[PDB]
Each structure stands twice: as structure tokens, then as C-alpha cells.
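Chemist: Below is the structure I would like to discuss, written out as C-alpha cells.
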Amino acid sequence: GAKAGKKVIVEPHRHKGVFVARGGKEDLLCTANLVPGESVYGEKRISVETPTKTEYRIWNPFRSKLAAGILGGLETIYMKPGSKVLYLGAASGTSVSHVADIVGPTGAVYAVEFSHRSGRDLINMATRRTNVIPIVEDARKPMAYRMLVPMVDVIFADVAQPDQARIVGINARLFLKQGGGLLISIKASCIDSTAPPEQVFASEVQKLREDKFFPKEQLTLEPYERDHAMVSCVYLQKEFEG
Amino acid sequence: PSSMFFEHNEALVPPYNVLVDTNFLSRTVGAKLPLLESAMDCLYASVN
Amino acid sequence: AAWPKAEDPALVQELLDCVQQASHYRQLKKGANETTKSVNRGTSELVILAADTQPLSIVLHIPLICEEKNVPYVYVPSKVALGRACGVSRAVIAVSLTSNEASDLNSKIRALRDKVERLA
Amino acid sequence: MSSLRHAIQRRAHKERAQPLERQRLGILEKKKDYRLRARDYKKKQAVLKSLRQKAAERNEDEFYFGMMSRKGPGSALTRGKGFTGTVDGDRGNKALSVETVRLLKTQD
Amino acid sequence: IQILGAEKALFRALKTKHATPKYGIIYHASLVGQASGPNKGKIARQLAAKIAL
Amino acid sequence: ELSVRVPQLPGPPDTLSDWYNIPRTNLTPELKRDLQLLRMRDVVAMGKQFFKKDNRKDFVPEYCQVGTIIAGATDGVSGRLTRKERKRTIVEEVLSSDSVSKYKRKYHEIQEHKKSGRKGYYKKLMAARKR
Amino acid sequence: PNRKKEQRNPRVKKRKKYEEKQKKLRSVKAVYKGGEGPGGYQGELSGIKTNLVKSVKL
Amino acid sequence: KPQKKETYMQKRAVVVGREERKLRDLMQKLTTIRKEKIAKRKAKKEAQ
């Protein structure tokens, strides 16, 4: 396997922020770590001594559907460095740490955890990384942190809830700039167990267009997870930013 | 596309989602055919 | 603390029924460590945790990774009944039944996970 | 058709081999070998031909600018014995003036 | 004394014929900081010999 | 409080703002060999792993950095290289692995196959014709 | 004409066509093939192509 | 015209060492076998 201490190189990936570490027999995904030299979850990290302080962190795609989607090769995830990134589903903040490392010390992540102990993990990672603020409350009630979240540009969402479309609809209606960019994770077994998952995907899409989006890309993150679809869309317009 | 096994669709299950064309609709109600009854007839399947 | 507790009305018995079905179909991992490794490997379809267990922190630390993976976890009030419903000769406090691509037990899991999804 | 033929019909011929009292003269050239020979020979003669094309229709009086900057063919008398009408492309070396040679020799 | 210290750098540049390092610890020494560039080299030599003295 | 300024008034860019300043690659010949190896990482795995043949003509990325894996605290019994296997360079690592024999084997196969009928063959014919 | 063992026993013939159809299936699309290995995460083991996009445009 | 005379720079480059020799030899064999593979893959693509 990709055992520790191997000499690999890092090159830029076409989305900003993310880099790709390639070496020997292994190619894999990585991001500049803000808080240098300290793991998040016993993740592997990459050192480099530049002519010291700079260190990167690998992601596991099996762990984060965000990673898996990038490896599948989405077009654009809208979260350039500097972009205010709402998260939904701060499942103890692993991928949230990764996305914080993307948006950097100039960006911002506002996170939503509903469970408490996961939230303890979450606020721990927030206490480390300054650019992510946590929010622990019910994502179904964006009134609960309407005082706390300003206008963000990209909504990531990965909650496993059956009302997912109306959830993202209301949170978008309260927190998204015209020209909104969003990604959402679909577990077809969670939305509708009986149905064929592709049609499940379609129904999700049509609910989202009903809630005024425009889908523009969509793929099964297949060789990293079964029956999940990443969907990329825009709020309220066609081209991405403005 | 997902669930596409070599020009065979494994995902198409009743309730079958069907699309209606204009000329289809025109010649069917010309042929005096109850659309949904005849659809459940040819399919022997629940349709939307 | 165990707020996703299951209730009496045959819900618990449906759980034990599908548990015995999974023990027969060999789609079931058992005991806290193997449940942990199955949900770590993400293969688990659903996870059931006892509630009468001597101090509950085991079946409290499991819902942490259940909340990470976002797998339906559910509290059952009798670990000895879990042992009997699995066919062990020993009382079990943690069980995890995984998913396969071809079974009707899978449909039973779908119904059961929808019920616990409405529950929590 | 192809289904109107026996398998022993479909069977092959094998080519004969050189008489074993004659392997001295190399392989026994058959039609594969022949055409590969004539492929190469047609090609190389056509290239010779197009060359004599250009040499006959050669204007005696052209002038590019490599002519001020290259080293020409010349002739039998000019170069003498190392003469092949091709022209010399300098391998990439040059006359090192003194100071550079000094620094180099210092390192040496 | 002029190159006192820079041993790996020196012996690399010599054993493969590269340009030699100009100074060692004398760089962080106080007097050479007030030179400039080509001047820093000339001061490096001069400070070398007077130090040996 | 209000002091005199300093004057300092006296091409394609150097470090990348849009990727947290990966520097432009200094091109050590070892790094060039490394990149040659990486573009050939297909043939490294002698048939045991096929990669997506990401081949430009220009195998060089204009931005890069040479790094090393730190520590997988989950796996420290085998997922880590021993000191005598912690080599300075990628090509050194692939040197220190096995199947260098197998490389040599395949190379000498192709050596034969291209020495097939080229020139020593013909000289042998003309010799046994001249005698 | 000569026939083969598969064309002799029709059942085992219909075995081998399906696997060959399944090996080619992986040659077009990806199939779940189980999640990550128990040895842990060791990289996207066969290449990653940043100029490669497989999103279906809606 | 192939040089006979042995130039100064040729005289004055250094002798290389065993590590670098084993390295270049490995690199050599690697590029060669890549070359043969790309020729054969292109031949098959020509055939298809």
C-alpha cells in the first residue's frame, strides 16, 4: 500500500486549492493544511521542506463523498479559495475540516451539526481551525441560526434526511446569494428504498428545480460508494458566479 | 449512465414513467382510445 | 441519553425477528468490536444497540460512528434477548446487520430502517 | 459461402523450406519476402528520382541566407579526401575564449 | 578560514566541479553585512586573511 | 510618526496565489528523472497495475513540489517504511524494491528481438557465404 | 466442423459469456466491488486525471 | 561528421558513480520497454 514516508510529489489540481499527490505506485488527493502538522482524525498528512512550515493532508474518498465526487470528476464545485461555504451535515467535521482547508484563512465555513457529541468533535475542530464556525442545531429550522449565518455562496449538503429537498430549499432561500452554487449528496436508499435509484435521482432533481434551482451536472460517485449521486446545481440563474 | 447494462435498462420497473408526444396523443384520441386504460392494457403495469 | 429508544408494540420483536433472519443468512456482525469494524468499513445496513447494558458508554460510543457514517442505529432494552435472538449462548449488547445486493432480507431492512427513520 | 465449405477446406497450406543442403545462401525468398524487398526498393528509388528532379531543374543562381551562414558542399578538389557532398552541421561545440577556459581549468 | 564550515557544499562543488561556496560563518559575522554582493565577496577574502593573521 | 518613504521602483509568475503558492519547479536532473519515472509509472507495475495513461507530450507540470508522507497513526506496524528503506528518492525506492531482475529480463528480450535480423545476422550470412 | 466444449454443454456456455460480458462491463463503467480494503486506504490506486470530466450535463 | 578528436570538455567531465550508474541503467530499461509497449498498443489500435 501507500505506506508512510514515501517520496511523492504534489501538483495542482484543476480546482483551486486541491492538489494531487502522485508518487511511485500511488496517486491520491490532498489539500493544504492550515494548522500545520496536526492531524484531524489520524488522517495521513504530507510534509515538505521548502527552500518546514507547509504541510498537506490527504483525504480518503471512502470517507468523504466530497472527495469521491472530485475523483469522479465533477465540473466545478464552486468553492474557490475565498468563497463563503455553508455546510449541511457536519458529521463530526472530517470533510468539514477538508473544506475548511480548501477555503483557507480568508474564507469561511459555517457548519450545521444536530447531534451533540458529533458536535463536540465539531467544535473541537473549530477550536483548532479558525475559519470554520460551528452551528449545532436543527438544520430543518434555519431560523435557528439566521442570526448566525451571513450570505454564503456555496452550500454543500450531505444530510441523510427524507425531506432533503425542502430542507435545502428553505436553507437556500435564507442563505444563498443570487447566483448560488450548491452540491448535494443523494443516498437513494435513504430517500426511497423501493425505487430504482436513477429515478430517485430524477425526482430529487425535479423537486430542486421546483425549489427554483437549475441543475447543471450530476454523477454517480460509483466506485467509491453504492447508490449515491452527487448533484451540482445553481440557485436562481444559469452561469455560476455573477 | 447508471443502471445501463449494454443497451438494456434494468431500472425500468412499474410504475412506468412514460412520456407523451403530441402526434401520439392526437392519433390516440383520434382512435378513440382511453389513454390510461389502453396504457395499463399494453403494459399490464401501473403507469404514471 | 438513549433517546432513540425503541418502544414496545412489536417493533422490538420485528427487530429480533430480522436479527435471527440475519444470523441465519450470515449477513450479521456481532459484538461491539465487530460492529465497530463493520460500520468503520461502512458495510452495515443497520445497527442495533442494547440498553440494559452495564454502564452504557459502549452503546453510547457506537452511535458516534453511527452519526458519522449516518447509519440507522436503534436502542433495544434486552441484551440477553439479543443473545437469544441471535442464537449465541451469550448475551450480546451490540449487533450490526449489513447489506447485500440480492436478498429479500434487504427489503426487510428497508422497511425496518424506514421505521427507525420515522422513529428518530 | 463460408458455411458452404469444409473445415478441411478451411485448412491451410504450409510453405516449403529451403533445401537443407543449401542453407548457406540464407532464407528461401517467397512472396512475403519479395514484396518487402520491392517495397523498400521502389521507395528508395523514388527518393533518388525526386532528388535528381531537383538537381536538374536547379537554378544555377539561387541565394538564401544560410549560404552566408553555413559551410557548403564544395567539391572533390575543395575538401579533398573527406568530401561527401552533404554539409556539415556543427555538433555544438565552439571556440572557448580565454577567461572561460581559465575558470574551467581552475575548477579542474 | 574563508570557507570555514561549508564543508558539504564545498566538497560537493569540488568533487563534481561546480562553483565553490564563497564563505561560511563569516557571512553571519558582523563586518560583512555592511558590504554588498560583489563587495561581499571581496570583503569575504579580505576578512579571511586578516582573521588568520 | 510620519517618515520618509523608501524608493524601490526598479514575466510569467512565480508562486501560485490560487493554490497557496506552490512554487515554480526548479528542475534538478533528479527531478527530471523522477518525472520521467512517474509518466512511466504504467510500466513500473509489471502488469500488476494499469493506470489511466495521462500522457501529454510535455511531461512537466509548471508547478510542483517534492514531498513525503508523514504518519498514519492508525497503521504503524507495516504502513511505514523502515529506516533502511526510507530512501531519499522515488527512483531509489523503485530500485530498492524487487523485480529489477524481471525488468532486466524483459529488457534483454527486447534487446534480442531488435537485434533479430538487423546487422550481426547479415554479417554471419556473408561470412558463411564467403567461406 | 469441429465444435467446442462450451457449444457442447449449453449451460456452461451460458456461464462463460456472462463473465466475459461482466469483465467488459468494468471496461466501460465502474462497479462497486466492495468498499475500501481492510488494510486501510492506500490511494486511488490507478491514476487520477484532472482533465477528465464524467459529469452528465442536464 | 563524427568527431574523432577528443575534445577538452570531454576530457574534463567527471567520472560517474555506481549509484548513478545503476540508476541510469534502470531508467534506460524502463524507457525502452515503454517504447515497445506504445508501439504494440498503437499497432493494435491501428488494427481495430
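Taken in sequence, the protein lines are chains CA, UX, CF, UK, CD, CT, UC and CI. The entry's author numbering puts the first sequence at residues 64 to 114, 123 to 313. Position in the second sequence (first residue = 1) + 40 = the entry's author numbering. Position in the third sequence (first residue = 1) + 6 = the entry's author numbering. With the entry's author numbering, letter number 73 in the fourth sequence gets 73, and the count goes up by one each step, no holes. Position in the fifth sequence (first residue = 1) + 318 = the entry's author numbering. The entry's author numbering puts the sixth sequence at residues 68 to 77, 82 to 202. Position in the seventh sequence (first residue = 1) + 590 = the entry's author numbering. Position in the eighth sequence (first residue = 1) + 1067 = the entry's author numbering. Idealized CB from N, CA, C, for every residue including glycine.
Got a sec? Which residues, its chain only, sit under 7 angstroms from CA:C304 by beta carbon, not counting five neighbours each side?
Modeler: Contacts found: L253, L279, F284, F285, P286, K287.
Chemist: Please list the terminal residues of the continuous beta strand (DSSP E) segment that includes CA:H299.
Modeler: Start and end: 299-306.
Chemist: Within the 8 angstroms Cβ cut-off, does CF:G89 reach chain UC?
Modeler: For CF:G89, the answer is no, since every Cβ of chain UC falls outside 8 angstroms of its Cβ.
Chemist: If you draw a straight line from the alpha carbon of UK:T86 to that of UK:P73, how long is it in whole angstroms?
Modeler: Using only the alpha carbons, I get a separation of about 6 angstroms.
Chemist: Below 8 angstroms, can you find three or more Cβ-Cβ pairs linking the segment 41-54 of chain CF to the segment 52-65 of chain UX?
Modeler: Contact between the segment 41-54 of chain CF and the segment 52-65 of chain UX is absent, because fewer than three Cβ pairs lie under 8 angstroms.
Chemist: Look at the alpha carbon of UC:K639 and the alpha carbon of CA:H76, and state the distance between them as a whole number of angstroms.
Modeler: Cα to Cα, the separation comes out at about 9 angstroms.
Chemist: Does DSSP put CD:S348 in a helix, in a strand, or in coil?
Modeler: Correct three-state label for CD:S348: coil.
Chemist: Helix, strand or coil: how does DSSP classify CF:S50 here?
Modeler: Of the three classes helix, strand and coil, the one that applies to CF:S50 here is strand, per DSSP.
Chemist: Could you run through the segment 46-66 of chain UX and flag, in chain order, every residue whose CB is less than 9 angstroms away from some CB of chain UC?
Modeler: Flagged, chain order: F46.
Chemist: For a cutoff of 8 angstroms on Cβ pairs, would you count CF:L70 as touching chain C?
Modeler: The structure shown contains no chain C; the protein chains it does contain are CA, UX, CF, UK, CD, CT, UC and CI.
Chemist: I want to see whether chain UK comes within less than 8 angstroms of CI:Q1070, judged by CB atoms only; does it?
Modeler: Yes, its Cβ sits closer than 8 angstroms to a Cβ of chain UK.
Chemist: Tell me whether the beta-carbon of CF:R119 lies closer than 8 angstroms to the beta-carbon of CF:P78.
Modeler: Going by C-beta atoms, CF:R119 is nearer than 8 angstroms to CF:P78.
Chemist: Going by C-alpha to C-alpha distance, which of CA:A84, CA:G86, CA:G64, CA:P114 sits closest to CT:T86?
Modeler: Answer by Cα proximity: CA:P114.
Chemist: Could you work out which residue in CA:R297, CA:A231, CA:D263, CA:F227 is closest to CA:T147 when comparing CA atoms only?
Modeler: Among CA:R297, CA:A231, CA:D263, CA:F227, the Cα nearest to that of CA:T147 is on CA:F227.
Chemist: DSSP on CA:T177, reduced to helix/strand/coil?
Modeler: Here CA:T177 sits in coil by DSSP.
Chemist: Is CA:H299 near the ligand GDP, in the sense that its beta carbon is under 7 angstroms from a heavy atom of that ligand?
Modeler: Absence of the ligand GDP is noted for the structure shown, with no ligands found whatsoever.
Chemist: Kindly identify the DSSP beta-bridge partner or partners of CA:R85.
Modeler: In the DSSP output, where bridge partners are listed per residue, CA:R85 has CA:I72, CA:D90.
Chemist: Quick check on the burial criterion: 16 or more other C-beta atoms within 10 angstroms. Buried or exposed for CI:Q1115?
Modeler: CI:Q1115 is exposed by the Cβ-count criterion.
Chemist: Between CA:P233 and chain CF, is there a C-beta pair that is closer than 8 angstroms?
Modeler: Taking Cβ atoms only, chain CF reaches closer than 8 angstroms to CA:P233, which makes this a yes.
Chemist: How about CF:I99 and CF:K85: do their beta carbons lie closer than 8 angstroms?
Modeler: Yes. Within cutoff.
Chemist: With 8 angstroms as the threshold, decide whether the Cβ of CA:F227 is near any Cβ in chain UC.
Modeler: No - not a single Cβ of chain UC is within 8 angstroms of the one on CA:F227.
Chemist: Let me know the alpha helix (DSSP H) ranges lying completely inside the segment 203-255 of chain CA, each 4 residues or longer, listed in chain order.
Modeler: Here the runs fully enclosed are 235-246.
Chemist: Check for me: the alpha helix (DSSP H) holding CT:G147 runs from which residue to which?
Modeler: Segment: none, CT:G147 is in no alpha helix (DSSP H) and carries neither H nor E.
Chemist: Would you list, in chain order, the members of the segment 151-163 of chain CA that have their beta-carbon closer than 9 angstroms to a beta-carbon of chain CF?
Modeler: Listed in sequence order: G160, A162, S163.
Chemist: First and last residue of the alpha helix (DSSP H) that includes CF:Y31?
Modeler: Where CF:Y31 is concerned, the enclosing alpha helix (DSSP H) stretches over 17-31.
Chemist: Below 8 angstroms on C-beta distance, what does CI:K1089 contact in chain CT?
Modeler: Within 8 angstroms Cβ-Cβ: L166.
Chemist: Taking just the CA atoms, how far does CA:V73 sit from CA:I141?
Modeler: So the alpha carbons of these two residues sit roughly 17 angstroms apart.
Chemist: Would you kindly report the start and end of the unbroken alpha helix (DSSP H) that includes CA:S260?
Modeler: CA:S260 -> alpha helix (DSSP H) spans 259-262.
Chemist: Is it right to say CT:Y192 is buried, meaning 16 or more other beta carbons lie within 10 angstroms of its own, or is it exposed?
Modeler: Its Cβ having fewer than 16 others within 10 Å, CT:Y192 is exposed.
Chemist: Shorter than 8 angstroms from the beta carbon of CF:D120 to some beta carbon of chain CA?
Modeler: So, interface residue.
Chemist: If CA:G160 sits next to CA:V180, beta carbons under 8 angstroms apart, how far is it from one beta carbon to the other, in whole angstroms?
Modeler: Going by Cβ atoms, the distance from CA:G160 to CA:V180 rounds to 13 angstroms, so no, they are not a contact pair.
Chemist: Looking only at DSSP bridge pairs, what is CA:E184 linked to?
Modeler: The partner list for CA:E184 (beta bridge, DSSP) reads CA:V207.
Chemist: Considering Cα atoms alone, identify which of CA:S110, CA:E112, CA:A65, CA:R128 is closest to UC:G629.
Modeler: Closest by alpha carbon: CA:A65.
Chemist: Let's test the definition: count the other Cβ atoms within 10 Å of the Cβ of UK:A12 and tell me whether it reaches 16, buried, or not, exposed.
Modeler: UK:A12 comes out exposed.
Chemist: Within a Cβ cutoff of 7 angstroms, which residues of the same chain sit near CA:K79, ignoring the five residues on either side of it in sequence?
Modeler: Once the five neighbours on either side are set aside, the close Cβ partners of CA:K79 are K151, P152.
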